Amino acid sequence: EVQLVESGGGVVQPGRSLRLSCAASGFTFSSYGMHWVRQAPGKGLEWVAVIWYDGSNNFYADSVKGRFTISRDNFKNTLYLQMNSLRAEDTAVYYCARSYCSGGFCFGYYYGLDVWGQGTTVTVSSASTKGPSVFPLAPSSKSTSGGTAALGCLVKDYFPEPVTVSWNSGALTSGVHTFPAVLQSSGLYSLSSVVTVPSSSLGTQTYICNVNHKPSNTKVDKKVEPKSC
Amino acid sequence: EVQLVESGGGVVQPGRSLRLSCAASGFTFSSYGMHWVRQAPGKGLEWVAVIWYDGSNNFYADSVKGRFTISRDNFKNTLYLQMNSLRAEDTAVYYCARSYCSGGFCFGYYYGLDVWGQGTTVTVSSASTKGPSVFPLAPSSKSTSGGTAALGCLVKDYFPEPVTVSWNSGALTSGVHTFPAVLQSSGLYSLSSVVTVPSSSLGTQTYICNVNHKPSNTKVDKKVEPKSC
Amino acid sequence: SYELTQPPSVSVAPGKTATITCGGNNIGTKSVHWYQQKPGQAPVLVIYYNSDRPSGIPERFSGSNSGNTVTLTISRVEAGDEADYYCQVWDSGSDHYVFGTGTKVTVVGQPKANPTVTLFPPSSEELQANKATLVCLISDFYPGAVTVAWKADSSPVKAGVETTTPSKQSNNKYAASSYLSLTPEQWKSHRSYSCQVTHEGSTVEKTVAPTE
Amino acid sequence: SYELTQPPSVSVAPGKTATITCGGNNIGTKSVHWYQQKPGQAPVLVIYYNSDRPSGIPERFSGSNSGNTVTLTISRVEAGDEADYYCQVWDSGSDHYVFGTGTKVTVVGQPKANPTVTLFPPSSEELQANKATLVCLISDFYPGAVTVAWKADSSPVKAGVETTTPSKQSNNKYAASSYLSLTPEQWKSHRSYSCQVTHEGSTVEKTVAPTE
Amino acid sequence: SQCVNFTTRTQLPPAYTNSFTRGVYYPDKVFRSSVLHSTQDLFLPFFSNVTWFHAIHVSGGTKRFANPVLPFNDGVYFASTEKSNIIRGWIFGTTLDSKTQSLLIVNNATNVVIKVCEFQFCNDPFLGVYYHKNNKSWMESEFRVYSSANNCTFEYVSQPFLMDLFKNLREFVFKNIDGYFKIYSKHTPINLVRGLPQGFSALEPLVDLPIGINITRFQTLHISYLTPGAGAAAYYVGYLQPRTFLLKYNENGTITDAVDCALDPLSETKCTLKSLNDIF
Amino acid sequence: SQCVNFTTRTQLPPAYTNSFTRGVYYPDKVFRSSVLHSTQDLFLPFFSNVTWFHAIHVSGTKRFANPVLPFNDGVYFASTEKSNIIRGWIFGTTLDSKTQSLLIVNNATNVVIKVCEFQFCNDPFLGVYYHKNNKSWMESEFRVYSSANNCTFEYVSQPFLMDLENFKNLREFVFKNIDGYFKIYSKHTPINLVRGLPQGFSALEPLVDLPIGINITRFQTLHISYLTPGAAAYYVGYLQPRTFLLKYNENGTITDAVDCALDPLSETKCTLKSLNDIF
Ligand SMILES: *[C@@H]1O[C@H](CO[C@@H]2O[C@@H](C)[C@@H](O)[C@@H](O)[C@@H]2O)[C@@H](O[C@@H]2O[C@H](CO)[C@@H](O)[C@H](O)[C@H]2NC(C)=O)[C@H](O)[C@H]1NC(C)=O
Ligand SMILES: *[C@@H]1O[C@H](CO)[C@@H](O[C@@H]2O[C@H](CO)[C@@H](O)[C@H](O)[C@H]2NC(C)=O)[C@H](O)[C@H]1NC(C)=O
Ligand SMILES: *[C@@H]1O[C@H](CO[C@@H]2O[C@@H](C)[C@@H](O)[C@@H](O)[C@@H]2O)[C@@H](O)[C@H](O)[C@H]1NC(C)=O
Ligand SMILES: *[C@@H]1O[C@H](CO[C@@H]2O[C@@H](C)[C@@H](O)[C@@H](O)[C@@H]2O)[C@@H](O)[C@H](O)[C@H]1NC(C)=O
Ligand SMILES: *[C@@H]1O[C@H](CO)[C@@H](O)[C@H](O)[C@H]1NC(C)=O
Ligand SMILES: *[C@@H]1O[C@H](CO)[C@@H](O)[C@H](O)[C@H]1NC(C)=O
Ligand SMILES: *[C@@H]1O[C@H](CO)[C@@H](O)[C@H](O)[C@H]1NC(C)=O
Ligand SMILES: *[C@@H]1O[C@H](CO)[C@@H](O)[C@H](O)[C@H]1NC(C)=O
Ligand SMILES: *[C@@H]1O[C@H](CO)[C@@H](O)[C@H](O)[C@H]1NC(C)=O
Ligand SMILES: *[C@@H]1O[C@H](CO)[C@@H](O)[C@H](O)[C@H]1NC(C)=O
Ligand SMILES: *[C@@H]1O[C@H](CO)[C@@H](O)[C@H](O)[C@H]1NC(C)=O
Ligand SMILES: [Cl-]
Ligand SMILES: [Cl-]
Ligand SMILES: [Cl-]
Ligand SMILES: [Cl-]
Ligand SMILES: [Cl-]
Ligand SMILES: [Cl-]
């Protein structure tokens, strides 16, 4: 069960610090060198830093030298990235990846990054953080199939990405379709998460969307009901 | 009388400084933007810096930024280039050139460098001024035409350029071939100068090569005589 | 400070071969690895050590470093092979792990699929919050190119329209959304608003009214 | 920085025309100038403002800049047109005047000429200085490309060799020089040394021996 | 980038005209048909003082004529009368240096750019074009407006277009209220040869940007036509005030006429009786 | 650059042999032909103690390091390897940024000779990796020093291509640092499969003498490491002030030598100025 679980991302003003974590499991963590690779939104992959299997060696990208510090704990199987004096151009999704070490060497001639994590979002902006306004989207069965109506939640005007949406606290997953957010000309994101549900049971079964906007520490549990026009 | 006269070049060790000059005459100096363009030996053209007609704007090349300073004196019709922290990669011939300024703008959309100077040579080498060791190349008829022998002078291990080789104090002009010098991996130059003379006069006629190395004030008049068996 | 060049776009038909080129200064002396990043997912190694395949990558992926030309080859391309492909080397001349600019592979020629358009009027709660948003969701269309038009009554709507670029779904089709932001009185003062979605010369138009 | 691309060399017969390609990024939006530099002197502006000739440049020269195709054209090519040509622009995106990589324009016509190889042994005076230099002089060959190789007896020597790149004599043929530095013991402990000159598939090998 | 320096900096003397009856805009986005509506917003009062300058776009010739930094007050009515698009945009802010944020609305040939940063603006913001003789077309290749731009809070770049490089009248109303920079615009082809044209034209809502900054001054950005080697543009500036206006919508929703209620006792009675008849 | 660090640092035990009759070189700067000449210079005494180590080029995360050895008045350095594992040496005193240090290394392109205030690595590293798609080794790792400032000397030969990986090769060197001059003499012979140093006579020819003008009291050997998913052996002896009787032939070659102080036979050989032991 090889897994890399990043965490510790958030939103900070330019100049402040942030610490990342990459919890590894399911393999011999002390036998692999650990990487950090970031990817700006809509851009390519950019290597950040590497640390060898026993922490004796580490290399850094020139764009993070003197500002970032990589470390690891082989008894907790955890990789760290300390980020200081953050700049706007450091905004990206930060991945951690593993690379096998042959015999005290983790150069990467014979092995590559064979396992990556899901990533953790880091936003560095002087713009103001804004929490989402969550409004219900009343069930509409017009463009649905058979005994099915589509209701949903509008997550309007938030900054920055990301937000996550579940339905009935994860108990409702089949039929859920969360659309990618739109970056409005105002600089604020808005997305919509809908779920196709039975039509003739809308006023007797409860549907609640669980919006989570960790950048602003906002959690909304909006109850969605059929409208009363 | 439109002409540009560069000066100030010379041979220098890394770290030292040098101030180049470019005297202009025959035109309105304050109506043109002045450039510096260097050309490394055997290489292409590289733009160094520009200064506008009144010296209010100047743009530098990335390779010289922070070390080179451009300036102009409009009541003396002279362009200057201050070169500090010189490196071996600054070795080149440095040209100055004019380009017409429209109406306070010297961008270079409508006009190019229409008039160039003769140039001035800049060499940056860790070598020190050394006079040459001169040896005779005793006459051989193996590669010449019938009734002819080739004798020469080996001007070895000198710095910097140039040396001049004449024969019999100029009395021997034809059939002389002074080869271009070789830049040895030690940083010193060596060259050869052969002249092809009739075989039947080697018994009587005396041959002397007149080597002159002005940068070290060395003059060698090497007598060349046939090998005895 | 090492450049890994890649072509930005590579389009191949289903069942044909995609050749992803990777370039670099003396790249024939380096060990290139290849990564595949599907839309919205972490990268996945497909080729390492120039030509070796990891344990689970299918046989139709192969790399090459012979000659001075490095190449990733995807044979018998399937729909799930639409992704971004990055080459990556270890450069000791700068002690950097260097990635390539990336190559987006699109599988052109799949069967055309018509979009489904769902249009939501402003909720009564948003109207009480002095705002009005029309949500037009478009899902399950191929190719991934739609144009969205909004109408106030039967007149084109100038501003207030924010439309996403299409995004690949789990079923290799595309999804998009468009928002029309209004004030409550503006919404109340018109007879109807309409979302007009055009895809491959055919148009779907949904209409909502402040009465309902 | 901003890159200006040119083909490194162009060959043309007299009376025909030569086309030199300037490669730039969005160069259709820039104003290209061209410079001719014959070996030994400063470059000369031949085309400015993409197509304007200075007062003295003959009408055989002309430039274009249409459809991202900037081109220098020389019709009725003469032998005197053998020079290096550079394109040059002002790139405001980087506050740099950028010169192209350059194009050497040689006029095809001159027949091949074989090198004359003259090889001198170390002088007795140099041996008295406890040094020994073998001097190989190569002259009067065309084109200007040779490969020189030294041999001790019949085994190749790569150490202590210093060779010039060919240079154009005053007769359009080329000259070059190669020196072999060795100890006086090495000069006398071998039976012969050889200077081998290859030029267009033919070899001229001169040999000298200490017993001379 | 790197600012272009000018050794001779001057600016033309300002001149004054009158607002006539221009500057009216749609306060809300509500469809109104065949009715008189009254709202209290920031309007340009009828027959207001208007200062007008010139944007010199050609040098023929080493004097740089600079645009002046003008107050913003509670809002501005900005209008320009030019043939080719000489007026390119404005910079808005307080200190207009790196100590505070500043709004930059500029229109280069490709698209419109809206950014809010800690700009270190140039002394002479420059925008250059040169004529491509081989394409028979102008191409702008110089953009030297600010030397630094850090800690940005807003960025907007519109979709690309091609701007064409009978006078044109382009009018704008700028309002900075409750963290929103609201813009209204109108373009009509004017026939006048000199001065602001007298008449009525309701400005439609362009965009309102949540910039959230304080604006007390602004400066106009123009284009410079680089020539190898006289009909310059003119812009007009008036100031908004809190006024009650009586707006007239036709059957289609167009504002056809307005009444400045506080202008004179005649209009004060026009708004009390809610009519547009002066013979009453 | 940036040194690669190793947590497990070991070195093989040293081993001892004998110099036999090797290490003779051309000491003077005078051409000598057909004469028996006696000179007092720094020679490697005949049959002196010689220490020899191994250069492990592939090996478990065990880093076997080469030791830092004294320089004394000069060293005789020899290596017996098939492929060129021995790449060069670093010379100096403190071998840190506080003093200058000589660096003579031979990477695949060319040989490099530099004198700087090097901050040498604890374990100087030189790496090669096998390019399977070209079926060839390529050296891509050079981590000898992390800093190099205030350089006073640089010498780079013309580029070439070094052949990367039982007739072994014998490469012998004599290093002498006298009055600021670093004088080198070398000899390359295709050696036979001998235990250690080969028995025989071969005069080492002058390679180069570098006017570096620095102080040298210690040195270390640099080798290559073969990164993979016998070894080389080098020999070091020390020169001492001895009087040697060198015989030059008519062509200038040193054909034989006598260590005058080696034994009573040689002492009488130098007194009589003859090389005949049966007299
Ligand atoms: C017009 O400007 C846009 C946006 O660039 C920003 O605004 C400029 C005025 C200047 O301040 C820039 O430094 C800013 O970044 C330009 O859009 C770019 O266009 C190029 C291709 O020409 C493209 O590669 C970039 O990705 C674009 N960047 C953005 C942010 O959209 C545009 O090129 C400018 N047009 C002209 C004619 O100058
Ligand atoms: C090997 O370890 C050394 C010392 O622990 C590292 O060298 C130091 O690196 C830090 C930055 O990480 C510098 O601030 C110090 O000046 C360095 N000191 C010395 C003596 O070099 C070295 O970076 C490590 N190797 C790797 C590959 O990280
Ligand atoms: C423009 O000038 C800047 C500073 O110039 C200063 O002001 C002028 C009036 C002179 O007095 C000068 O001596 C001062 O230093 C430069 O920083 C800037 O680089 C210049 N721009 C260009 C394009 O050259
Ligand atoms: C960017 O901003 C940094 C932090 O500024 C501080 O935080 C902001 C939100 C304001 O409250 C400001 O008054 C504070 O000083 C600066 O340290 C940094 O210098 C700025 N960037 C640049 C390039 O100047
Ligand atoms: C392999 O390297 C050699 C040089 O060692 C070179 O000549 C050859 O072209 C290379 N081949 C490939 C396929 O890279
Ligand atoms: C215009 O301004 C002047 C002072 O500059 C003032 O006296 C005059 O009343 C103003 N006119 C109008 C119509 O506001
Ligand atoms: C002229 O320039 C425009 C860009 O301004 C470009 O689109 C066009 O292709 C060029 N040439 C022609 C012939 O239109
Ligand atoms: C804007 O800044 C100025 C300068 O301090 C200040 O006087 C003014 O009151 C500010 N305006 C607002 C609306 O904050
Ligand atoms: C209103 O619009 C109609 C068509 O929609 C047009 O015929 C009519 O002229 C317009 N009214 C005015 C006053 O222009
Ligand atoms: C060179 O040596 C001096 C001391 O003489 C020292 O101050 C300087 O820092 C050295 N150079 C470098 C680049 O460290
Ligand atoms: C070598 O070291 C000695 C002892 O410290 C010192 O006296 C001498 O000056 C040094 N020589 C050089 C050339 O630095
Ligand atoms: Cl590895
Ligand atoms: Cl809410
Ligand atoms: Cl974001
Ligand atoms: Cl250049
Ligand atoms: Cl110009
Ligand atoms: Cl993604």
Side-chain angles (χ1 to χ4, degrees), chain A residues 4 35 37 39 42-50 59-62 93 95 97 99 107-119 133-138 140 142-145 150-152 154 156-157 177 179-186 188 190-192 194 222 224 228-229, chain C residues 1 6 30-31 33-35 37 40-45 47-49 52 54-55 84 86 88-90 92 94-102 116-126 129 131 133 135 137-139 159 162-165 167 169 175-179 181 204 206 211-212:
Chain A
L4 305 177
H35 285 78
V37 186
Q39 179 176 38
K43 306 299 171 60
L45 296 163
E46 183 185 30
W47 171 79
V48 174
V50 62
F59 300 84
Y60 293 90
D62 286 1
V93 181
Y95 298 95
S99 189
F107 282 137
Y109 292 107
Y110 302 119
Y111 309 97
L113 312 189
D114 59 319
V115 169
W116 301 56
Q118 292 178 338
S133 315
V134 176
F135 308 103
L137 294 177
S140 181
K142 292 179 182 179
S143 65
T144 53
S145 62
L151 56 84
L154 170 64
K156 183 187 182 56
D157 294 342
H177 185 172
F179 287 75
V182 62
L183 179 59
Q184 303 167 316
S185 55
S186 69
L188 307 181
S190 292
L191 59 76
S192 299
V194 309
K222 169 56 70 178
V224 180
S228 183
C229 61
Chain C
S1 184
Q6 303 184 219
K30 296 184 184 297
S31 172
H33 316 300
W34 288 94
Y35 299 87
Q37 183 179 30
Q41 296 175 13
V44 161
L45 180 71
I47 288 287
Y48 65 94
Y49 194 12
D52 289 319
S55 57
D84 289 304
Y86 302 94
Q88 179 262 310
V89 312
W90 161 254
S92 59
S94 65
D95 290 344
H96 285 285
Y97 292 89
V98 168
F99 287 94
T101 67
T116 293
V117 182
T118 294
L119 175 55
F120 287 100
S123 77
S124 182
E125 305 171 16
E126 188 181 16
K131 294 154 199 169
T133 301
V135 180
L137 306 178
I138 302 96
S139 65
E162 308 288 342
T163 308
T164 63
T165 56
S167 65
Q169 307 181 212
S177 53
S178 186
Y179 295 86
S181 291
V204 188
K206 302 285 300 299
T211 59
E212 306 162 339

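Letters go in sequence order (proteins before strands), and every chain restarts at 1.
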Item checked: Atom of A:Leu45, atom of C:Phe99 and distance for their closest heavy-atom approach -> O-CB, 3.6 Å
Notebook entry, point to check: Side-chain donor-acceptor pair under 3.5 Å between A:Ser185 and C:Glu162, yes or no?
Noted result: yes
Margin query: Less than 4.5 Å to any heavy atom of chain C: does that hold for the side chain of A:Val115, its backbone, both, or neither?
Written below: neither
Item checked: Contact origin within A:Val48 toward chain C - heavy atom pairs under 4.5 Å -> neither
Note to self: Side chains of C:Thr118 and A:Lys142: any donor to acceptor distance under 3.5 Å?
What the structure shows: no
Checklist line | Considering all heavy atoms, the nearest A:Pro136-C:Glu125 contact | finding: CD-OE1, 3.3 Å
Check: Are side-chain heavy atoms of C:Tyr97 and A:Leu113 found at a separation under 4.5 Å?
Finding: no
Check: Given side chains that start at C-beta, do those of A:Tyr109 and C:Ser92 come closer than 4.5 Å, heavy atoms only?
Finding: yes
Margin query: In terms of relative ring orientation, are A:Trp47 and C:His96 parallel, tilted or perpendicular, with 30° and 60° separating the classes?
Written below: perpendicular
Item checked: Heavy-atom closest contact (C:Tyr48 atom, A:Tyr111 atom, distance) -> CD1-CA, 4.4 Å
Next item on the list: Might you point out which heavy atoms bring C:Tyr179 and A:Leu154 nearest each other, and give the distance in Å?
Entry: CE2-CD1, 3.5 Å
Notebook entry, point to check: For the residue pair C:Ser123 and A:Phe135, what are the closest heavy atoms and their distance?
Noted result: OG-CB, 3.7 Å
Item checked: Flag for A:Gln118-C:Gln41: side-chain donor and acceptor within less than 3.5 Å -> no
